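S.K.:
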Amino acid sequence: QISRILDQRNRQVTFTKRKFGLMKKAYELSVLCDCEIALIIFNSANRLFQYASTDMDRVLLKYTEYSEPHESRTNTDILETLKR
Amino acid sequence: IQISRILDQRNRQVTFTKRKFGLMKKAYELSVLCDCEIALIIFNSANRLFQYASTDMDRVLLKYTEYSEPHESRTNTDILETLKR
Numbered sequence: 007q008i009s010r011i012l013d014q015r016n017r018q019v020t021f022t023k024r025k026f027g028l029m030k031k032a033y034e035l036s037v038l039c040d041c042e043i044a045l046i047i048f049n050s051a052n053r054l055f056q057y058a059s060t061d062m063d064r065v066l067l068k069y070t071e072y073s074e075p076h077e078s079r080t081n082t083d084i085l086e087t088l089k090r
Numbered sequence: 006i007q008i009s010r011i012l013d014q015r016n017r018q019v020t021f022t023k024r025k026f027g028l029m030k031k032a033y034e035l036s037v038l039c040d041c042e043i044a045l046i047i048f049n050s051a052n053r054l055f056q057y058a059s060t061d062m063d064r065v066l067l068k069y070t071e072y073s074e075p076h077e078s079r080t081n082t083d084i085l086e087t088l089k090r
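Going down the list, the protein sequences come from chains A and B.
46 is the number that the deposited numbering gives to position 40 of the first sequence; each next residue is one higher, with no gaps.
52 is the number that the deposited numbering gives to position 47 of the second sequence; each next residue is one higher, with no gaps.
1) May I ask you to list the residues that DSSP assigns as paired with B/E42?
2) Candidates A/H76, A/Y57, A/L88, A/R90: which alpha carbon is nearest B/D83's?
3) With 7 Å as the C-beta to C-beta threshold (strictly closer), list the residues of the region 65-83 of chain B near chain A in chain order.
4) Excluding the 5 residues preceding and the 5 following A/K68 in the sequence, name in chain order all residues of the same chain whose CB lies nearer than 8 Å to its CB.
5) Would you mind telling me which residues of chain B sit closer than 9 Å to A/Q56, beta carbon to beta carbon, in chain order?
6) B/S73 to A/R53, Cα distance in whole Å?
7) Any beta-carbon of chain B closer than 8 Å to the one on A/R17?
8) Considering only C-alpha positions, which residue in the set A/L66, A/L38, A/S9 is nearest to B/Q18?
9) What's the gap between the Cα of residue 1 of chain B and the Cα of B/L35?
10) Compare the C-beta of A/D13 with all C-beta atoms of chain B and state if any pair is closer than 8 Å.
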């Protein structure tokens, strides 16, 4: 029951609030549970925003070297889980 | 006050899973509400890789490599500084 915010002012304020919320939660997860986290966000104007718990090059390099299988989710899977 | 010692190691996995899912849920919401493309890469303390992409990971990482520099770049040091203000 969630949809896309059409009004550009209400889109930007919501984007900023939630982008910061995401980074705050990523920070918390990283310190609480000893995780390494990277977050890449392209907004609707195609502006790039990024967060990395350590630094981005480190996390992306680890990502590209990972030999073991990935556990991977997309919007389709998240939306399915949320229905339950 | 050593931040990594805060958590009870007994509930480590459950806390990790709950918060990982919270992060993905919020990423999903942001992507639909604000028309964003989002990728999330998480290595847990046992070095298990978990990933989320709103579209798919190869698409988001390719967009990343075709951009020259971030508009905002943050790490834990910056987030912690902002939170103190």
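Just so you know, even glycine gets a beta-carbon here, dropped at the ideal spot from N, CA and C.
M.R.: Working from what's here:
1) A/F48
2) A/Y57
3) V65, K68, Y69, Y72, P75, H76, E77, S78, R79, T80, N81
4) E42
5) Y69, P75, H76, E77, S78, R79
6) 11 Å
7) yes
8) A/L38
9) No answer is possible for residue 1 of chain B: it lies beyond the span of chain B, which begins at 6 and ends at 90.
10) no
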